[PDB]
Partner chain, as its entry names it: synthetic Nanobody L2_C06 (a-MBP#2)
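The form solved without the partner chain is given below as one chain in structure tokens.
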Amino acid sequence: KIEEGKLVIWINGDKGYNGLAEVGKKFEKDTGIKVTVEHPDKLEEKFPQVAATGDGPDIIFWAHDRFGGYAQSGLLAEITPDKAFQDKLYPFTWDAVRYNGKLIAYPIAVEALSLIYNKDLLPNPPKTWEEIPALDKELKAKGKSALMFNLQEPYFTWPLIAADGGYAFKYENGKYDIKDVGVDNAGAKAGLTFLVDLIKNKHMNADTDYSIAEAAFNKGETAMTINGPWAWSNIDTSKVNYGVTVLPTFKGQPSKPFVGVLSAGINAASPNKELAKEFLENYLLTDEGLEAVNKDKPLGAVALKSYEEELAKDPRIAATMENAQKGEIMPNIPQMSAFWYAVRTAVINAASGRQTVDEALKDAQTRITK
């Protein structure tokens, strides 16, 4: 089901697909081949399924953490750029899309969660997690709340779990040791207990998801939320007077978000590798290609140095870079998806009272290490 002569791109629904569509149109305008951009639900799970058949998109966008597993299944072409092109992007973004010494994708953007706050309702954001219960009780007196964020997805809670010492896989020599997993140590247990105490004492609800939290913030019902740059767009249309700052510390330690590098990989089963390379290197990864996407939903701190130089004056980009620096670049090993599924279950079970914190995280460590 090759087709040929066209490009099909999958990208997640939260990202600037309509912008990327613009960039596709221009490529189609001066090259003649059509580019259809789609955003299937559950594309990152679908990809290893369809592309296994020899079908699916020519180009697949997702954070880099999924890209080791795809590479291990031989689903991605090795990419090949001259030293000149490589010099156009930041080096650490290349490291993230290397699997077994090979490059498996092009880096586009560096993503890190920030604290987003309603300046009108809250001139100074808290410096610490510990001062959030008190802040909530003040605000509830006026029918507002302190903080709502998506609790269904472990990506949003990880920064608190990691803060006092939790980790995914220990980095040994050049390897991650997949048997040394830090989701059940004292640091992780401290962080998840805190969150669970926030819910027990009605400072937020176990059921809050991405939509609930986004609506509460953008209507001015909650003073704070935790999200990444793709969310800024929807806030601007609400005209809420917002700032974007460092995440609060916990026990004196910085919150530590897992940093994701938005990457684009070429399906090894594509009859269109050359057209794919062309589109990416010469259309998308230019100041003009990147701004068209950014205009639709912001990318974050972008991998292309020339555009980042223009973006870096923005205090939002500055905050994004400050949280990224306190955080850690995710592994891209195949075991990352196993990690995520276990942790997701642990958080949801702990937050809902189905399990104690200690039970939840012990299960997760057992599930991850086999």
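Positions refer to the first chain, counted from 1.
The following text describes the form deposited with the partner chain bound, which does not appear among the structures shown.
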Within 4.5 Å of the partner chain in the entry with it bound: residues from 16 to 31 (heavy atom criterion): none
Determine whether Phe156 and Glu288 move within the same rigid part of the chain between the shown form and the other one. no
Closer or farther: how do the CA atoms of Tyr90 and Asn323 lie in the entry with it bound, compared with the form shown, if the change is at least 3 Å? closer
Closer or farther: the CA pair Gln325/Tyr90 in the entry with it bound, versus this form, with a change of 3 Å or more? closer
